[PDB]
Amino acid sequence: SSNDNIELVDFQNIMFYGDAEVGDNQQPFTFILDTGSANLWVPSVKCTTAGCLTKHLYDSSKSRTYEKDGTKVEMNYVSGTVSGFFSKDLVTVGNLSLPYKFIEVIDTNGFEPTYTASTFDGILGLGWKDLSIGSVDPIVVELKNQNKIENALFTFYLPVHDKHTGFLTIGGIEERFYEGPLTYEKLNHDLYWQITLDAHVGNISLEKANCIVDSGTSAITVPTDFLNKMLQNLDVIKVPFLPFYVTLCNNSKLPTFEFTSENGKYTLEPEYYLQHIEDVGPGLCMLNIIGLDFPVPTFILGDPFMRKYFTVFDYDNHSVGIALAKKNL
């Protein structure tokens, strides 16, 4: 392989992980690879909460290439807060290495229970510079600037549960990962990997909707107005009193998403947004679709989309490449 590949492992068909190294001695970490954020978050040995004790921790004291930064990072949420500081050190992705400014995480006081139960260590962003904290050039951008890769692009071939493993490839596109035509959609903004597509479900239509391609989202996000109209008489029921949608797995009235442009047509069948829940009932499935409303009519194409479609992320050409992922390698 003339390109840099990192193997992707599936986690119960809801999320996937990838491993990368931090430090001179190449300390290994399990990462969530996220195109919806743009920073590298690594837990520190200076993190002493219960959850952190069970994680792989970055010890800057055991790395020759560690360069002190110290710039405080405190990201606040309700639920909770993520505290830390910036650090610079050698980041190894596959067989490539470069000095990189990342965030050393000291405190995760909100997410302590879920983090513990989680099987990942940190988060590796794959968005754009303007999406990052502290104006940090994306790893792939930085790598090409350093003449370490052919092209400023990375590609996602996601793993399928119980079927096959996946790969993150940096620097080049490999034909083995996809079938059918490979079509490009130019970004409408250099922030998220967001493109402009027309969405169609049955006769329900929405045109020139902002579509964000995001590997950090387990579901498919749809405008609430769009969701209610598409689930009209399809033998699909809302849970009381929550926004959960349940249906029979064999529901023949289940529609297919259709995202079209001037260059390509992208469809997502029921087999891609249905999650089996045989616990509650025989032949019962849940719709992995969330009704979410942004100021602009926006779809979020999370894992269920990328699970079907091999994707290309081009910084140089400011575009997203989309093609039918091969079902077997």
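One-based numbering along the sequence shown.
On average the C-alpha atoms of 77-85 have higher B-factors than those of the other stretch, with 154-162 and 77-85 being the two compared. Between 99-107 and 193-201, it is 193-201 that carries the larger average Cα temperature factor according to the deposited entry.
Out of 46, 55, 276, 265, it is 276 whose C-alpha atom has the highest B-factor in the PDB entry. Highest CA B-factor among 119, 221, 188, 147, as stated in the entry: 147.
Residue 225: CA B factor lies in the highest third for its chain, per the PDB record. Annotation for residue 177: CA B-factor lies in the lowest third of the chain's modelled residues.
Ranked against the other modelled residues of its chain, the C-alpha B-factor of residue 252 as given in the entry falls in the highest third. Per the PDB record, residue ranking by Cα B-factor puts residue 38 in the middle third of the chain. Placement of the Cα temperature factor of residue 31 within the chain: lowest third of the modelled residues, per the deposited record.
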